[PDB]
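Included below are structure tokens for two forms of one protein chain, each presented in isolation as structure 1 and structure 2.
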Structure 1
């Protein structure tokens, strides 16, 4: 029986200017991931198949369902919130 105990991020505040770019960050995070898989012989498939190297998320980011892009933008902001929580400043450059 699995019960996740994440560290709480709900009070971590990021620059609005950073949240505004979360779509661009998720797309590129997706693209970097897809390049690596395709460079190692993965191809599009209906379900995740490690033994044959097939994955359904190997399509352009823009063609993903919006619920997935939503998950991906959340993960991108959760990552940076965890950075700030581990004690790093995040500031827009002048």
Structure 2
């Protein structure tokens, strides 16, 4: 049934000062996520396992494969781009 049709955001221009911060944003979004899982019993596991509550990404953000770091930064940049697209101004103070 399901064909996802995301919004085209490729022509949204964010401030360069903000894009240089992708890493920092992505890291904190990662740490929040980690705290939630740790506080529900999740621990590190070489392979992801829902029943024994393991997960290979329950590591410090810098210890993540850059694959996943890339994913995180792009999630954040797309999140912020939707915001500019919805009629909001983003400017450095």
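So that the term is clear: the rigid core is the largest set of C-alpha atoms that superpose within 1.5 Å between two forms. Residue numbers count along the first chain shown, from 1.
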Residue 35 C-alpha relocation of at least 2 Å between the two structures, rigid core basis: no
Using a rigid core superposition, assess whether residue 46 undergoes a CA shift of 2 Å or more between the two structures. yes
So if we fit the rigid core, how much does the CA of residue 86 shift between the two structures, in Å? 1.2
